[PDB]
Amino acid sequence: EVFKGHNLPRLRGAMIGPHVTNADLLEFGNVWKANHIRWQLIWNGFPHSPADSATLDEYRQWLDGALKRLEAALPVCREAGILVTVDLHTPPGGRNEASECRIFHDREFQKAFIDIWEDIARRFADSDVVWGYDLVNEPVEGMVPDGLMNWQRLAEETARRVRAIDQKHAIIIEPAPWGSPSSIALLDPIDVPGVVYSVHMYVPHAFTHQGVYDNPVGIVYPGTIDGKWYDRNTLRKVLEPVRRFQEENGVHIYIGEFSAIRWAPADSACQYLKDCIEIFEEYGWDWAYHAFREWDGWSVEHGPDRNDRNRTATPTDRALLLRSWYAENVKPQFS
């Protein structure tokens with residue numbers, strides 16, 4: 001009775017990078033047994049991008065090329081037995097210095113967001129490979145000027161417009177700010193059919209992003225982190241608002257991203273991923289691991305040493321964990 005927008009027991013897969021090859025996709029679906037990818041429409045980087053200073057014309061040209069490749073990859077995903085999340089990872093206008101989206105600050109970019117989503121929905125309305133439309137990656141509002149919509153309202157309006165065009169696909173809404181688990185309590189369920197809610201799981205940052213940016217390394221999990229005990233029970237507490245939202249509203253949950261950096265000490269990253277997945281599975285949440293063949297920091301084909309960028313000779317524990325879960329997947333059946 002709860003809307004998922006697919007007829008499988010569960011979607012389990014990964015984020016891919018924008019330069020993913022057809023061979024990569026076929027391997028991931030047919031050999032790794034993933035039944036799902038999140039396709040990031042990303043302009044170089046996140047949270048900072050050339051989009052941040054690009055004109056709307058420049059942005060639309062970039063996005064046109066990104067969509068062209070997505071469109072060409074869908075037949076490959078069909079052959080690989082993969083359903084696709086279309087993620088607008090870099091929205092029109094990009095973000096200011098504080099990583100706040102211009103779609104909340106500028107009338108032109110706010111209007112463009114809606115217009116662009118109408119075009120994407122029109123393009124993919126009939127696709128049986130597309131599962132859902134993740135309207136914007138990790139929205140961050142900052143101050144919203146009088147006369148512009150905040151995320152609650154913009155998500156509602158954009159979802160209405162997409163649903164007018166597309167009678168089949170899930171509309172995937174992440175809470176603001178940051179698509180964080182804690183942010184889901186700030187979102188009211190939107191009054192549009194066929195909506196799925198999504199968060200990203202990287203809590204605690206000090207652990208999952210150790211040795212990224214200027215975060216120190218050597219942070220063990222389980223263990224004391226940010227002065228607090230972290231284990232599977234702590235992760236359950238982090239995700240409790242999401243579980244509450246799911247149960248109280250009778251809605252489906254999708255984890256669009258989760259990870260731990262590969263060079264976390266010992267088996268820390270593997271245990272974090274295991275604990276995350278176990279919780280997601282208990283609650284019946286679909287999920288995408290971040291990421292398959294993207295930045296090697298998040299790669300399960302790369303090893304424990306931050307200074308070694310080479311693939312490992314033999315499977316990592318993280319790769320074996322993911323494949324043990326993908327082995328439970330049912331493949332989509334296409335006409």
# chains A, B, ... in the order shown; residues from 1 in each chain; ligands from 1
call {"tool": "select_by_dssp", "arguments": {"residues": "segment 81-311 of chain A", "states": "helix (DSSP H, G or I)", "output": "NGL selection string"}}
result
:A and (102-104 or 107-124 or 151-165 or 181-186 or 205-208 or 232-249 or 268-283 or 296-298)
call {"tool": "residues_around", "arguments": {"residues": "residue 156 of chain A", "least_positions_apart": "4", "cutoff": "7 Å", "atoms": "only C-alpha atoms", "output": "ChimeraX atom specification"}}
result
/A:152,160,190
call {"tool": "closest_residue", "arguments": {"among": "A:238, A:144, A:74, A:88", "to": "residue 126 of chain A", "atoms": "only C-alpha atoms"}}
result
A:74
call {"tool": "atom_distance", "arguments": {"atom1": "atom CA of residue 229 of chain A", "atom2": "atom CA of residue 210 of chain A"}}
result
16.8 Å
call {"tool": "residues_around", "arguments": {"residues": "residue 92 of chain A", "least_positions_apart": "5", "cutoff": "8 Å", "atoms": "only C-alpha atoms", "output": "PDB file with N, CA and C atoms, in the first residue's frame"}}
result
ATOM      1  N   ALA A  51      28.852  25.978 -12.135  1.00  0.00           N
ATOM      2  CA  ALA A  51      27.469  26.443 -12.099  1.00  0.00           C
ATOM      3  C   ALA A  51      27.305  27.671 -11.203  1.00  0.00           C
ATOM      4  N   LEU A  56      22.491  31.337 -16.827  1.00  0.00           N
ATOM      5  CA  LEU A  56      21.493  30.310 -17.085  1.00  0.00           C
ATOM      6  C   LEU A  56      21.725  29.656 -18.447  1.00  0.00           C
ATOM      7  N   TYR A  59      24.514  27.250 -18.122  1.00  0.00           N
ATOM      8  CA  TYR A  59      24.047  26.116 -17.330  1.00  0.00           C
ATOM      9  C   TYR A  59      23.205  25.170 -18.182  1.00  0.00           C
ATOM     10  N   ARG A  60      22.253  25.722 -18.946  1.00  0.00           N
ATOM     11  CA  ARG A  60      21.390  24.898 -19.766  1.00  0.00           C
ATOM     12  C   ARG A  60      22.217  24.146 -20.805  1.00  0.00           C
ATOM     13  N   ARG A 102      21.232  28.773  -5.200  1.00  0.00           N
ATOM     14  CA  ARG A 102      20.687  29.993  -5.781  1.00  0.00           C
ATOM     15  C   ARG A 102      19.214  29.811  -6.177  1.00  0.00           C
ATOM     16  N   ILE A 103      18.729  28.557  -6.302  1.00  0.00           N
ATOM     17  CA  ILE A 103      17.320  28.335  -6.618  1.00  0.00           C
ATOM     18  C   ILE A 103      16.423  28.876  -5.502  1.00  0.00           C
ATOM     19  N   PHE A 109      16.688  31.767 -11.392  1.00  0.00           N
ATOM     20  CA  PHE A 109      17.160  30.410 -11.166  1.00  0.00           C
ATOM     21  C   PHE A 109      16.049  29.567 -10.543  1.00  0.00           C
ATOM     22  N   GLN A 110      15.217  30.175  -9.688  1.00  0.00           N
ATOM     23  CA  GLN A 110      14.098  29.451  -9.115  1.00  0.00           C
ATOM     24  C   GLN A 110      13.115  29.020 -10.209  1.00  0.00           C
ATOM     25  N   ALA A 112      13.825  28.701 -13.375  1.00  0.00           N
ATOM     26  CA  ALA A 112      14.545  27.768 -14.236  1.00  0.00           C
ATOM     27  C   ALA A 112      14.491  26.355 -13.667  1.00  0.00           C
ATOM     28  N   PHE A 113      14.586  26.227 -12.334  1.00  0.00           N
ATOM     29  CA  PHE A 113      14.514  24.926 -11.691  1.00  0.00           C
ATOM     30  C   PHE A 113      13.238  24.183 -12.089  1.00  0.00           C
TER      31      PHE A 113
END
call {"tool": "residues_around", "arguments": {"residues": "residue 33 of chain A", "least_positions_apart": "3", "cutoff": "7 Å", "atoms": "only C-alpha atoms", "output": "PyMOL selection string"}}
result
chain A and resi 28-30+326-327+329
call {"tool": "closest_residue", "arguments": {"among": "A:3, A:310, A:223, A:91", "to": "residue 170 of chain A", "atoms": "only C-alpha atoms"}}
result
A:3
call {"tool": "closest_residue", "arguments": {"among": "A:122, A:38, A:318, A:12", "to": "residue 266 of chain A", "atoms": "only C-alpha atoms"}}
result
A:318
call {"tool": "select_by_dssp", "arguments": {"residues": "segment 120-166 of chain A", "states": "strand (DSSP E)", "output": "ChimeraX atom specification"}}
result
/A:130-134
call {"tool": "residues_around", "arguments": {"residues": "residue 187 of chain A", "least_positions_apart": "2", "cutoff": "9 Å", "atoms": "only C-alpha atoms", "output": "list in words"}}
result
residues 151, 152, 174, 175, 176, 183, 184, 185, 189 and 190 of chain A
call {"tool": "residues_around", "arguments": {"residues": "segment 202-209 of chain A", "least_positions_apart": "4", "cutoff": "8 Å", "atoms": "only C-alpha atoms", "output": "PyMOL selection string"}}
result
chain A and resi 213+215-216+219-221+225-226+235+238+258-261+264+269
call {"tool": "write_last_selection", "arguments": {"atoms": "C-alpha atoms", "output": "PDB file, in the first residue's frame"}}
result
ATOM      1  CA  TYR A 213      39.168  18.420   3.538  1.00  0.00           C
ATOM      2  CA  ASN A 215      39.368  16.391   8.915  1.00  0.00           C
ATOM      3  CA  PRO A 216      42.085  14.436  10.827  1.00  0.00           C
ATOM      4  CA  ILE A 219      39.217   7.797  13.754  1.00  0.00           C
ATOM      5  CA  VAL A 220      38.087   4.273  14.642  1.00  0.00           C
ATOM      6  CA  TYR A 221      34.522   2.933  14.366  1.00  0.00           C
ATOM      7  CA  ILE A 225      33.765  10.097  18.112  1.00  0.00           C
ATOM      8  CA  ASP A 226      32.994  13.773  18.760  1.00  0.00           C
ATOM      9  CA  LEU A 235      23.448   4.988  14.043  1.00  0.00           C
ATOM     10  CA  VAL A 238      20.787   9.143  14.172  1.00  0.00           C
ATOM     11  CA  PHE A 258      25.971   6.664   2.201  1.00  0.00           C
ATOM     12  CA  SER A 259      29.662   5.897   2.660  1.00  0.00           C
ATOM     13  CA  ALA A 260      32.752   5.813   4.813  1.00  0.00           C
ATOM     14  CA  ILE A 261      36.143   6.817   3.435  1.00  0.00           C
ATOM     15  CA  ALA A 264      39.400   4.744   7.785  1.00  0.00           C
ATOM     16  CA  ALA A 269      34.655   1.677   7.041  1.00  0.00           C
TER      17      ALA A 269
END
call {"tool": "residues_around", "arguments": {"residues": "segment 277-287 of chain A", "least_positions_apart": "4", "cutoff": "7 Å", "atoms": "only C-alpha atoms", "output": "count of residues only"}}
result
10
call {"tool": "closest_residue", "arguments": {"among": "A:179, A:241, A:5, A:18", "to": "residue 292 of chain A", "atoms": "only C-alpha atoms"}}
result
A:18
call {"tool": "closest_residue", "arguments": {"among": "A:169, A:306, A:290, A:200", "to": "residue 212 of chain A", "atoms": "only C-alpha atoms"}}
result
A:306
call {"tool": "closest_residue", "arguments": {"among": "A:128, A:134, A:57, A:87", "to": "residue 167 of chain A", "atoms": "only C-alpha atoms"}}
result
A:128
call {"tool": "decode", "arguments": {"residues": "segment 174-192 of chain A", "atoms": "N, CA and C atoms", "output": "mmCIF file, in the first residue's frame"}}
result
data_model
loop_
_atom_site.group_PDB
_atom_site.id
_atom_site.type_symbol
_atom_site.label_atom_id
_atom_site.label_comp_id
_atom_site.auth_asym_id
_atom_site.auth_seq_id
_atom_site.Cartn_x
_atom_site.Cartn_y
_atom_site.Cartn_z
ATOM 1 N N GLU A 174 14.440 15.121 -1.031
ATOM 2 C CA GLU A 174 15.339 15.159 0.105
ATOM 3 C C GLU A 174 14.999 16.378 0.954
ATOM 4 N N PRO A 175 15.148 16.305 2.291
ATOM 5 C CA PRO A 175 14.916 17.465 3.142
ATOM 6 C C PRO A 175 16.088 18.440 3.098
ATOM 7 N N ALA A 176 15.774 19.702 3.408
ATOM 8 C CA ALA A 176 16.767 20.749 3.558
ATOM 9 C C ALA A 176 16.873 21.114 5.040
ATOM 10 N N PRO A 177 18.085 21.394 5.565
ATOM 11 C CA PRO A 177 19.324 21.384 4.771
ATOM 12 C C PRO A 177 20.040 20.039 4.589
ATOM 13 N N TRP A 178 20.767 19.919 3.466
ATOM 14 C CA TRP A 178 21.826 18.934 3.235
ATOM 15 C C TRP A 178 21.332 17.505 2.994
ATOM 16 N N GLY A 179 20.019 17.281 2.913
ATOM 17 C CA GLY A 179 19.467 15.935 2.853
ATOM 18 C C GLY A 179 19.817 15.082 4.073
ATOM 19 N N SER A 180 20.115 15.727 5.209
ATOM 20 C CA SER A 180 20.584 15.052 6.413
ATOM 21 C C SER A 180 19.434 14.311 7.095
ATOM 22 N N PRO A 181 19.716 13.210 7.826
ATOM 23 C CA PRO A 181 18.680 12.547 8.617
ATOM 24 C C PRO A 181 17.936 13.485 9.569
ATOM 25 N N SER A 182 18.661 14.393 10.238
ATOM 26 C CA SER A 182 18.032 15.308 11.189
ATOM 27 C C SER A 182 17.090 16.299 10.495
ATOM 28 N N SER A 183 17.319 16.568 9.210
ATOM 29 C CA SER A 183 16.522 17.545 8.483
ATOM 30 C C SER A 183 15.142 17.017 8.102
ATOM 31 N N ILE A 184 14.920 15.699 8.126
ATOM 32 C CA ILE A 184 13.652 15.147 7.672
ATOM 33 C C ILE A 184 12.511 15.622 8.575
ATOM 34 N N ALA A 185 12.819 15.906 9.846
ATOM 35 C CA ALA A 185 11.825 16.390 10.799
ATOM 36 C C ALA A 185 11.358 17.805 10.449
ATOM 37 N N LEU A 186 12.089 18.497 9.567
ATOM 38 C CA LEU A 186 11.749 19.859 9.167
ATOM 39 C C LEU A 186 10.870 19.887 7.917
ATOM 40 N N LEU A 187 10.643 18.723 7.298
ATOM 41 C CA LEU A 187 9.874 18.643 6.080
ATOM 42 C C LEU A 187 8.455 18.186 6.411
ATOM 43 N N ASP A 188 7.447 18.843 5.824
ATOM 44 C CA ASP A 188 6.076 18.341 5.853
ATOM 45 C C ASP A 188 5.850 17.473 4.615
ATOM 46 N N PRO A 189 5.163 16.315 4.717
ATOM 47 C CA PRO A 189 4.870 15.502 3.536
ATOM 48 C C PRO A 189 4.176 16.348 2.472
ATOM 49 N N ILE A 190 4.580 16.196 1.209
ATOM 50 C CA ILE A 190 4.019 17.038 0.163
ATOM 51 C C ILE A 190 2.801 16.328 -0.420
ATOM 52 N N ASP A 191 1.815 17.131 -0.820
ATOM 53 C CA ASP A 191 0.511 16.644 -1.231
ATOM 54 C C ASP A 191 0.494 16.431 -2.747
ATOM 55 N N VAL A 192 1.359 15.517 -3.210
ATOM 56 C CA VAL A 192 1.461 15.088 -4.597
ATOM 57 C C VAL A 192 1.581 13.573 -4.561
#
